[PDB]
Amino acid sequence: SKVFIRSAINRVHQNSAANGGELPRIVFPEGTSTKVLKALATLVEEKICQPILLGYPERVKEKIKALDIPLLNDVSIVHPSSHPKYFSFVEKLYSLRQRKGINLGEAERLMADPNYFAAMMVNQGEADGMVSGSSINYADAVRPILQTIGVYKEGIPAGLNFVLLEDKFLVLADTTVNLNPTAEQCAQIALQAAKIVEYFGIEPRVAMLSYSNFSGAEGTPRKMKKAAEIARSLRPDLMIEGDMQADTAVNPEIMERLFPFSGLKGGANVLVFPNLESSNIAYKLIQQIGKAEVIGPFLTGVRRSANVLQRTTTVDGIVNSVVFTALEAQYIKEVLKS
């Protein structure tokens, strides 16, 4: 139940040791959020990250005392408009977005907000990653990240969750960003999810989900059939199939008995959804009524390490999410050193 998460913690430790013992600097814009602070007590004990809290230092240190969490007494607290880099950060956002309606006045007002300040910190290398969204809706938390840090080349911003089963994990995407991805977008989501599965030493086997089995009819069935064709043309080395129903996808015996002509054998471990209603409802329902741990969402497709929590998260969910944000920050920091 816990095995995949403690293997992640152990990989964070191996990465820290291979780099002087340094921990990733993870900035939290919600410096007074009760669940973030309670989670950070566990995370600092486990040497997962060096946290940076954003807010008015007096009020963050007020909240830490009311919650009685001494292990954070040293933790750095930064008030955005008083940080020495504020004016350079204002200038950078203006430079990036002056033809997207951000003049100096808009940049100045946005950079005062902790979410924008956290995103620019990560973009500029003043932090290695960020974790936000514990106290506000996903759209408002993710917009600063997409506008500031942006997507890498050909990337698509997309949320991913792991369902931690007994044999294996299953990856679900896109659980957070795209309302109704096109066939081309679902293929790119599949490739992004696939390289994450490969990072963990697993063979990705991809199903494009629908309410139909290999019907190819207009609408969602046709879209997910074409998504699988596009993804296969970009990664012909992977098993990728669709359109198919969700039990057809995960159960190898159903697949073999009913659709043995299919190219997907042994059950899918990457499930790509046709719309945001389906992915968002599915991972949340599994999390609540299944008997498996679900971790995420993790934001993929973006140039730097940045993750948005689901606002319904528990304290333990934040701990799990920061562990994988630390792993992502370490990976990206090593890419930026080659």
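All residue numbers refer to positions in the sequence shown, first residue = 1.
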With respect to the recorded C-alpha B factors, which stretch has the higher mean value, 291 to 299 or 44 to 52?
44 to 52
Of 276 to 284 and 29 to 37, the stretch whose C-alpha atoms average the higher B-factor in the entry
29 to 37
Could you check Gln185, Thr220, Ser88, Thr176 and tell me which one carries the biggest Cα B-factor in the deposited entry?
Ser88
Go through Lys265, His83, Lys226, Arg257 one by one and give the residue whose Cα B-factor in the PDB entry is largest.
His83
Considering only modelled residues of the same chain, in which third does the CA B-factor of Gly150 rank: lowest, middle or highest?
middle
Looking at the C-alpha B-factor of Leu309, is it in the lowest, middle or highest third of its chain?
middle
If you rank the chain by CA B-factor, which third does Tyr116 end up in: lowest, middle or highest?
middle
Entry-reported C-alpha B-factor of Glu253 relative to its chain, by third, is middle
Third of chain Cα B-factors occupied by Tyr94:
highest
